[PDB]
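Inspection log for the structure reproduced underneath, given as structure tokens.
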Amino acid sequence: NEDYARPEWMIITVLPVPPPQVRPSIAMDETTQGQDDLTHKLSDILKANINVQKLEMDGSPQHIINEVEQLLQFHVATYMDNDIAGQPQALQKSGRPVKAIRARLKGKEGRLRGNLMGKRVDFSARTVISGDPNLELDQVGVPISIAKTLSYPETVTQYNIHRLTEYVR
Amino acid sequence: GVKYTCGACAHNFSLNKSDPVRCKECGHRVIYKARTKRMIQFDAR
Amino acid sequence: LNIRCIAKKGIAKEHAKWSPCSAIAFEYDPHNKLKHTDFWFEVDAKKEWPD
Amino acid sequence: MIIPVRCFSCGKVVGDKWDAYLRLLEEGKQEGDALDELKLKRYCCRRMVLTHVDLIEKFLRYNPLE
Amino acid sequence: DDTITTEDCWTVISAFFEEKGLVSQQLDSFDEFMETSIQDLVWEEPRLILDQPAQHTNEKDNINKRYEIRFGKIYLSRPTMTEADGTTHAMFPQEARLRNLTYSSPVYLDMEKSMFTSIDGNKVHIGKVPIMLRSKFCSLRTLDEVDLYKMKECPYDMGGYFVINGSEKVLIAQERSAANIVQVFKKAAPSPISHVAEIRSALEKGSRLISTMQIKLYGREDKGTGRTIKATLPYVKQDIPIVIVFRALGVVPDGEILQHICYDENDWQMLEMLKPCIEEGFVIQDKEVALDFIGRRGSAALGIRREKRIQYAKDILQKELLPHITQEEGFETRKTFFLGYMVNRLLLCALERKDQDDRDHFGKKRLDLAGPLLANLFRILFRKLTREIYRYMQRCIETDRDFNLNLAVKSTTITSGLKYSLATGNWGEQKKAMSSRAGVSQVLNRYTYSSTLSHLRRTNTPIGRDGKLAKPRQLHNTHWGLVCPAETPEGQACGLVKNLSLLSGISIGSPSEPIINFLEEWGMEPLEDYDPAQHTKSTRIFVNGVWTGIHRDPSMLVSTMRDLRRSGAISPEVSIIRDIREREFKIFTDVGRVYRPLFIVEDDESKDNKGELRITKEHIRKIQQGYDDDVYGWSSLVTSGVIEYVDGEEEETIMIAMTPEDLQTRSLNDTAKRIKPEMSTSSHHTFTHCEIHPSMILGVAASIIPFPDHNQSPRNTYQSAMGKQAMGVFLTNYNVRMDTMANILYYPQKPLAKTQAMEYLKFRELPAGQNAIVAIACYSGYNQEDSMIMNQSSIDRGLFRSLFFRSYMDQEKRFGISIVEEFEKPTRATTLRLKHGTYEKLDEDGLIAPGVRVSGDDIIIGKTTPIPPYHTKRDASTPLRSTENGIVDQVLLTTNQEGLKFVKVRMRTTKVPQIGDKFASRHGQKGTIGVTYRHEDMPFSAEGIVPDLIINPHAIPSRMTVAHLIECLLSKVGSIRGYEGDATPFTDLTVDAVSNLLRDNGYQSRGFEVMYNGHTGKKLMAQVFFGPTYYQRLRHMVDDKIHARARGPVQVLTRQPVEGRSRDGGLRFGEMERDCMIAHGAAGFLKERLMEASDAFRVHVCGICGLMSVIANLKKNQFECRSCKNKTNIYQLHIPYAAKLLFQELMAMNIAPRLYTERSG
Amino acid sequence: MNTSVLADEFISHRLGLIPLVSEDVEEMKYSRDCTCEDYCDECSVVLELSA
Amino acid sequence: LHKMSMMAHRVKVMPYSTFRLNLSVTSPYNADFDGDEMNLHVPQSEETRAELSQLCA
RNA sequence: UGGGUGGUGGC
Ligand SMILES: [Mg+2]
Ligand SMILES: [Zn+2]
Ligand SMILES: [Zn+2]
Ligand SMILES: [Zn+2]
Ligand SMILES: [Zn+2]
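Protein chains in written order, with the deposited numbering: chain C, 226 to 394; chain G, 28 to 72; chain F, 153 to 203; chain H, 1 to 66; chain Z, 9 to 128, 153 to 662, 675 to 711, 719 to 920, 931 to 1222; chain S, 52 to 102; chain V, 451 to 507.
Shown next as structure tokens:
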């Protein structure tokens, strides 16, 4: 469809840069920032970019062009995917593979199944249980400290001022 | 000022945050602090 | 070992270090003439439970 | 480790009867008969001395810490 | 002599477990390593050669300057701590453990550098191999328990494990597949390939994988018309036909290939399946054309002509195929006759004259301990050393410098490698991080003593977890006495993890060459005189994977050799094993065979010992003297001929009775005893072996259990996998040791249901629990399903009250040559980001004085770094945990490996066993303390005895653990008669003896006493069963798993709250929780959960191009969709921050999610 | 002052199990209602020991 | 595992820090007492309170 | 108030 998917748009001339919330620097040991692998990969892309524009501005032996262009294509390939068949992976400075964008989305612990469809949340609690038949059927025992930690926002209304002021007290 | 108890010869020696930390008698480099001047308390149950 | 204790006055309800005493036997009707208890028994009630 | 004071089940003070128990053991007694002589008749004050195994000798095997 | 009773076998066990102790398997093979392995790994490839020979823009100076280094003797010593001062002194394992050290020795090596003049640098510390505890080459093998208390080593310690960067690490015996055995597996059906004959090669010296020849029968069941086979080779890319690779190894005609392979000219069925193989291999008719053919597929290079193509094919058939047999040539009979046995075998199995082979028949596996593992990793970084010296040589020969070699060894290579590769165990060079067998070495666990006793023995299995197959997880029935039928963890590990049994021993690795001499010492006939039509009935003999010859009568030979192991001409741990069925007879000498001992039954009708045990009572009196009547330990038993070893392969060819009362055929109908089978099939048996004791089939965490032979076996497995979590006494030197976990249980009692085996784990001298009073009676519903009742007054008397220890750590870093760190008390002014606790408890020198009560959330170790170039210091304090309380013990202060300071702190407190704390039976009947009752409110029997622990009636009748009742009864009797009754299983201890003794000491026969209400004394209508029993304390508590969370720490990356207990994270309201919320349907709750107690996040959209590009300034309150010049069609949303993350990730991959807020069609 | 082979609350625990004479005890009041802030010689039996 | 495996309740406050149950509810959650963990999410609004109190009770 | 790997244990 023309105003949405025009098939000269399936070839990237201009590969965008996300803002650095998506690759924010991590305090390695509280003075030095180890970077996120997107920052390392966009740096590698920009290095191969400048080593592209270095060849068409001087004497170029015609496959030095070809290899630096194919290396550019390689860096753009591993920016979105480090799982492509047949070829070796893009590798880090530990001996580990690189966290792509594809690895941030698939898998059990990606952003959807690990962060959007299900995630971690707050106002929870957790313990080990015990039976107690001296109880109704709709009652559950609460240890006191767990009652201290968690809370509930009750609205200050015109029918609950006194107790809530006491709960302040 | 602190009695740094020697690990070998039991010598109570204080160090002035400057001394290389060893036994003065045999070179044994392990010290420990000694107990405080306060009085500890317990409820004996 | 230099120790200093206080001694204060508590009951067994606070803790059982204030136990006054040790072990308390208790029985009534040793021949079960009320049939308050009921023996479990393989063969015969009189023989196996000693007096 | 080292002998406790009371029984765990009942609460008869027993801790004194450790040294006497070893001294009765030295003559060749048998352990039940030795508990018999010490007046230990419920098994509560029989397991509180019969089971007990001794480590604090091993702690005093450390030639001086200080 | 007389009857060998039970306690005579306990004489036997006392001799064994006074010779070896426990952890032989670490120590003795690590001794094998330090004595021989490094000497031969160095002298494997002893010389490098350079040459810069000619035309150096020369005057035709043709000069073989051949640079030749020859490696020599290793030098071995004590470990040594060279100080930052520079002084060297005797390090010791206490001084090691206190100081984060590496108990590591100088490993020196001299270098013989020579020069060829054929014209046409001293003891370098080459590395630090870390030394195991208690080894020969540790300094604590010898030297006087007295002085060991002067040197802080407990005598009831046993060692076995290593020390790295301070802490203790261990070696799991990793379990590799067996090498060099002639297997046949059958292949799954959706495939044209059905039968397989496979091998995995590895050199005899060195024990290292080289080749893997595979055979695949082309042909599914009536699919694949030509039922002929090809081979697959190493360094090829494609399958190659069988007769062609035969003609390639140097046997061309059809007649000689059928002479090598076929053993029966009347086996016309297999001969019939033979014929198409030859008829397919007709097109390649002699040797060198097949060599040229294999040159075409398998890496002989293109355009490299016939003579060097065929050279390369002769190299993959000289080296690189059948390498473990030999790597020299000339024995194509040895090679081809091995492969003719393969063709023989695979056609035997493809016509199903046999079962398939199976994966787990435990003789067909081996094991790798510290010996072979240090062999492999030492080989690796030793090759790396080789090329490092080579690299430096080609730089200081260009400029031609007389190099001293002492700046030519940067010996952080092998020390750094072994230190990382035991630090995390990601086994390999760190630049081979993945594709590597992960988790080799483990944190040793010191939670209690028996836990460590098992964990030093543990094996693990690398199938990975890919394949859910229940065939490798079966308790497959080679396991008699070799692993533990009880112990294996719950869950993911189950079926894999095999604890070496209480009669395990690890066979070292032995010179096979004298065994070869024993073979040819009796007229074994060589392989070149072999014609199977001349001799169809000779016996074909294996040595670890090489068939070496034939002979007619194995029986006289196995008599001689078996009696020479009964004497000692052989290593007495070499399994000489006979078969008669195959006309074959094997001798393994291989490393890592799991052997076990048996009582040698005199299996021979030659004298009156036949049927009887060879073990006399004179030997028993000798063991009770400690000497022979002109040293006599377990070694002389082994070299006496009373006990022979078998591994899993000789387990095939034996005949066992279980107990020595079953050797003589015995004499009824008593309803107490147990019923052995009759064994009336063979009227005249030849028993060759009888078990020493059956409770020696168990694992170490399995022999603890009182009467394992009266339970439902998942509860046996549970008890063995809970016995490791006991609180008790772990080693007797907890005063000086500083460890991050330690817990002492106060009042530890040896159990009244002791075994006879608990003498040999010392558990009666270091127990990990108590005897408390069992009373199995529903009282007030508090034990409904596995909870229990505990009398609070008994806890007040000290019941299971628990010591709690923990060691922390910190050290100084160096941020510049003049810029270092300093543990000081930081101010409120000069220092950045004070922790929100207080600082008052700190001292003048930054480390808190002992005796001081400490709470959580306040400092102990304030490491202040001044920020490299007021307000210029960084507060980087190391605090005590957010859960704990305590009073502090023993605050270590010293100097690091680095030369700067170092700290370690051992805080402690004591935890009251309270409501919710898990406990455990000795039969798994587990659960938590449900409720606490004070003293009077218990039920109480006629004398005054109250109980302390009340397991449930309903816990019993389905779990079917009748051993628990047997323990309670035997406990009460052995309490009253006052001694510890032998509850080692499989005796004639019935229930009847216990019943009669309880009655005849003045009680009820079946346990019960008439117990009462404590609230009335109105007698409990049913009589209540009631006694002592041994209890233990599992490591969990409720004070470590309570957690709740309002808000707090969110990650930077995704702004969803964090994961883990330690940072006070939040819980995963997971998928299937959302599923049940959908099932209830109240989705408004779901919009609470995934919006409002999480990453609630607010974005904007331009309503025309639909995107979130709209730049948001708010106090100036202006916006601009800069791709559109849109300034009005602007809305905001409420989406999860991770959904926004999805959108930014996608737009950075060029997909365009556009969010229009109206339905369009 | 302690320097033992035994820890501290350990010994306080074992001291809490120790049997005292309390024949005269009902003219000694309870701790939590005796008229002193922390211990005096109206309601304590102060043991100081240093073997 | 089924639509009862989340159920609403009411609050009873007890010392001695563990979770108390009735034992008739042991069957639907399938919990024994050898150390299970059971979570406790809390509503933060009035709306979700009534949602739970009328359906998931 | 780190990340990121990896190990063992609980239901
Ligand atoms: Mg369960
Ligand atoms: Zn000293
Ligand atoms: Zn007692
Ligand atoms: Zn727009
Ligand atoms: Zn007073």
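Ideal placement from N, C-alpha and C gives every residue a C-beta, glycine not left out.
Query: Write down the C-beta distance between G624 of chain Z and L782 of chain Z rounded to the nearest angstrom, noting that I regard them as a contact closer than 8 Å.; Result: Not a contact, Cβ separation roughly 29 Å.
Query: Return yes when the C-beta of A61 of chain G is under 8 Å from any heavy atom of ligand 2, and no when it is not.; Result: no
Query: In terms of residues, what are the limits of the beta strand (DSSP E) holding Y83 of chain Z?; Result: 72-83
Query: Which residues does DSSP pair with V367 of chain C in a beta bridge?; Result: V:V463
Query: Is any heavy atom of ligand 3 found at a distance shorter than 8 Å from the C-beta of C173 of chain F?; Result: no
Query: Here's the rule: buried if 16 or more other CB atoms are within 10 angstroms of the residue's CB, otherwise exposed. What is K184 of chain Z?; Result: buried
Query: What does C173 of chain F reach in chain S if we use C-beta pairs closer than 8 Å?; Result: The contacting residues do not exist; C173 of chain F stays about 11 Å from chain S at best.
Query: On the CB-based measure, 16 or more other CB atoms within 10 Å of its CB, does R865 of chain Z come out buried or exposed?; Result: exposed
Query: Is any heavy atom of ligand 4 found at a distance shorter than 8 Å from the C-beta of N197 of chain Z?; Result: no
Query: By Cβ distance below 7 Å, which residues in the same chain neighbour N492 of chain Z in space, the five residues on each side in sequence not counted?; Result: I204, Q206, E207, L528, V529
Query: Roughly how many angstroms separate the alpha carbons of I547 of chain Z and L476 of chain Z, rounded to a whole number?; Result: 39 Å
Query: In chain order, what residues of the same chain lie with their CB nearer than 6 Å to the CB of residue 145 of chain Z, ignoring the 5 residues before and after it?; Result: In this structure residue 145 of chain Z is absent; chain Z steps straight from 128 to 153.
Query: Where do the N-terminal and C-terminal ends of the beta strand (DSSP E) with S771 of chain Z fall, by residue?; Result: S771 of chain Z -> not in any beta strand (DSSP E); alpha helix (DSSP H) instead, spanning 764-774.
Query: Exposed or buried, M1133 of chain Z, counting other C-beta atoms within 10 Å across all chains shown (16 or more means buried)?; Result: exposed
Query: Going by DSSP, what residues sit across from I196 of chain Z in a beta bridge?; Result: Z:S199
Query: Mind listing, in chain order, the continuous beta strand (DSSP E) runs of no fewer than 3 residues lying wholly within the stretch 1151-1221 of chain Z?; Result: 1161-1163, 1191-1193
Query: Would you say the stretch 254-273 of chain Z touches the stretch 301-310 of chain Z, given that touching needs at least three Cβ pairs under 8 Å?; Result: yes
Query: Kindly give me the distance between the Cβ atoms of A1044 of chain Z and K813 of chain Z, rounded to whole angstroms, as I take these residues to be in contact under 8 Å.; Result: With 8 Å as the limit, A1044 of chain Z and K813 of chain Z do not qualify as a contact, their Cβ atoms being about 18 Å apart.
Query: Contact criterion: CB-CB distance below 9 Å. Does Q383 of chain C meet it with respect to chain V?; Result: no
Query: Considering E496 of chain V, what are the terminal residues of the alpha helix (DSSP H) in which it resides?; Result: 496-501
Query: Between the stretch 831-840 of chain Z and the stretch 1060-1072 of chain Z, can you find at least three pairs of beta-carbon atoms closer than 8 Å?; Result: no
Query: Consider the Cβ of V14 of chain H: report whether some Cβ of chain Z lies at a distance smaller than 9 Å.; Result: no
Query: Do the stretch 355-362 of chain Z and the stretch 267-276 of chain Z meet, that is, are 3 or more Cβ pairs less than 8 Å apart?; Result: no
Query: Can you give the beta carbon distance from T447 of chain Z to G94 of chain Z, rounded, assuming they're within the 8 Å contact cut?; Result: 18 Å between Cβ atoms; not a contact.
Query: By the DSSP assignment, the beta strand (DSSP E) with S122 of chain Z in it spans what residues?; Result: 112-126
Query: Flag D92 of chain S as yes when its Cβ comes closer than 8 Å to any non-hydrogen atom of ligand 5, and as no otherwise.; Result: yes
Query: Once the 5 residues before and after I237 of chain C are set aside, which same chain residues still bring their CB inside 8 Å of it?; Result: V301
Query: If you reduce the DSSP assignment to three classes, tell me which class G643 of chain Z lands in.; Result: coil
Query: Determine contact between the stretch 1111-1119 of chain Z and the stretch 350-357 of chain C, defined as no fewer than three beta-carbon pairs at a distance below 8 Å.; Result: no
Query: Is there a Cβ of chain Z sitting closer than 9 Å to that of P322 of chain C, yes or no?; Result: yes
Query: Here's the rule: buried if 16 or more other CB atoms are within 10 angstroms of the residue's CB, otherwise exposed. What is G313 of chain Z?; Result: buried
Query: Residues around ligand 4, please: the condition is that the C-beta lies closer than 6 Å to some non-hydrogen atom of it.; Result: Z:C1163, Z:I1165, Z:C1166, Z:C1182, Z:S1184, Z:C1185, Z:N1187
Query: Name the two residues that bound the continuous beta strand (DSSP E) containing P355 of chain Z.; Result: Here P355 of chain Z belongs to no beta strand (DSSP E), and DSSP marks it neither H nor E.
Query: Using DSSP's beta-bridge definition, name the partner residues of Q862 of chain Z.; Result: Z:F963
Query: Find out if the Cβ-Cβ distance for the pair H97 of chain Z, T110 of chain Z is shorter than 9 Å.; Result: no
Query: Counting only Cβ pairs nearer than 9 Å, list the residues of chain H close to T54 of chain S.; Result: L65, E66
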